[PDB]
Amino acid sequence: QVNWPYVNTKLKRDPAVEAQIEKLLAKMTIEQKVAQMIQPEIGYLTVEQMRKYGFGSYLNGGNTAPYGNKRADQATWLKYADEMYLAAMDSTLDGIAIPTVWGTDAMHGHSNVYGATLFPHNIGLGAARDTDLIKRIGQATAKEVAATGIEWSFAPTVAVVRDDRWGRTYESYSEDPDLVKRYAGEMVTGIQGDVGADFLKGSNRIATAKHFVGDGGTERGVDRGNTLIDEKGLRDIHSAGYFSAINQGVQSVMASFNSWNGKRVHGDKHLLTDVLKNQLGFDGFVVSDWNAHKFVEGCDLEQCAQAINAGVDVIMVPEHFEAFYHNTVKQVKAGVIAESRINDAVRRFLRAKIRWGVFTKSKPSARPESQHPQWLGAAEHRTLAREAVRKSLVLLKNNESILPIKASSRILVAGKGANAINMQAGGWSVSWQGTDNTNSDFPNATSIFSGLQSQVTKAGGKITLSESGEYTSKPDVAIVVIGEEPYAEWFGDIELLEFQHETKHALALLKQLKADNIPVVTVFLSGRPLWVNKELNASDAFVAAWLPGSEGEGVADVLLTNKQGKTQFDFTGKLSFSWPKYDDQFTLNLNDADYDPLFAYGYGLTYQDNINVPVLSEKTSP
């Protein structure tokens, strides 16, 4: 057998909290216990249903917003939170007064909420190599979540991605488990507070580390695919983030969509109980992913004893929660789910709600952390995100030191991504895919063109925006902003590594500018390295900017001099994913036996280098 380390070494239980739990459990019926374990979503839940059942939690799925209103005032969010809170404190119909909690996914800030600060996606945060930065982003994120009356946020994502074909590659900090391990505990403590006197106090939120486990190791990077690896590899490559997150006392863990050697993780008792709970020693609660239970053998949308028996404590059933609730009760009464199992699930979940202060705090709109609407999209947070943007950029090529550009130059800005905030933000940004977003969906955000314009104008230079690369006066330099369209999950799964393999539209723009003898600085937006030898050859400089988020001016901060013509910020980012030399290097990872990357893990030029990148082979595999 494979031995996993015990990693819950810091958080000690609170005896007063445990006494309350035991007292509560002793008086609860089977029905009240099961209610705590079921999680409806606001697109399908009514206040009357909450009064009737007293569900343990409910989900902000991000597709609906409170009362159906696409955008909504703080008072509207807090009114909804109060209505649900009072419905659950009403023991009239279900016979008990256990306060519910609201949960939300926080992909890069409070990212499904209109007006929220959008931080760079994880891959670029990985490039930054800055653990203190990560902790501060967690702190900012807790405040923005608190400002909407939500107690529980899903973050960090600790996937370690080994095949970049996966549509969720950008949600991972690195292909390297050591980097993810360094980061995970910082995000957990940033959100929840450090283990100690401030643990879960004030604006601190309950956190969820996702996803357990191996979703970044599926064959061919298929989303929700099959992870083929022995147990030691599962432990040493894919679980490193959980070691530090559990050690820092993360309150919740979310189970994963993928399979491990042919078995769905959500139904695997060995993973979710024996490994996660018994060996690693996780003392918090396991939450399932969105209708993930339906894919477990023998389960469906309205029933899944297997997942509950495997070690899932809270079931995310956004739509079918009512039928799922009644079915689960009948299964406990039939004896096919042990009362001891239900008791343990409720213990672990109440241990989180009670210790966070659910009985001690007032109703949502009256809590101290609800009195600060400015926290949502706060200037201080946008300043933090802008710093993250600067540190996330990786300079791949800078021939003849064309960067940094004098701010007083005449600059042309071109490419589809030049003034498109939806491209710089990527998926999980107000909407799911990000495709339908326009610039007005991001108030107070700044596009890359806008950031450049601001600084060039201040320096007395001239700037022009033209996506197609048209100009009146021939510029000194063209900054071309190009990249992937936004995507989330399986919509982003690819089979070919070549950028825009079907159209090569951006390449034609680059070549057009080169043929006119205009120097070219490419700013590449993507959720992953891609095979871009051709585009690199058509560029004098080439910057991997990943998916920088709302603060586009961080790009100008690095690429441009100040008004005096001096460097203001140098590049500091280093690759956290290996960059492919050939279009078929699908699994190119640090420490591989045959490791032949174009640019290795840890690579990143700075203005102190005087290195040229020569013309590269443009041959593609058959």
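Note that residue numbering follows the sequence shown and begins at 1.
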- Hey, which bit's got the bigger mean C-alpha B factor in the entry, 205 to 213 or 229 to 237? 229 to 237
- Query: What stretch has the higher average Cα B-factor here, 195 to 203 or 344 to 352?
  - Reply: 195 to 203
- Message: In terms of recorded Cα temperature factor, pick the maximum from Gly281, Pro99, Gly249, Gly461.
- Response: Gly461
- Criterion, highest CA B-factor; candidates, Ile38, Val555, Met28, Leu59: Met28
- Query: For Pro15, does the deposited CA B-factor place it in the lowest, middle or highest third of the chain?
  - Reply: highest
- Query: Which third of the chain holds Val296 when residues are ordered by C-alpha B factor: lowest, middle or highest?
  - Reply: highest
- Query: How does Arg136 rank on Cα B-factor within its chain, lowest, middle or highest third?
  - Reply: middle
- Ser365's Cα B-factor: lowest, middle or highest third of the chain? highest
- Query: If you rank the chain by CA B-factor, which third does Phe285 end up in: lowest, middle or highest?
  - Reply: lowest
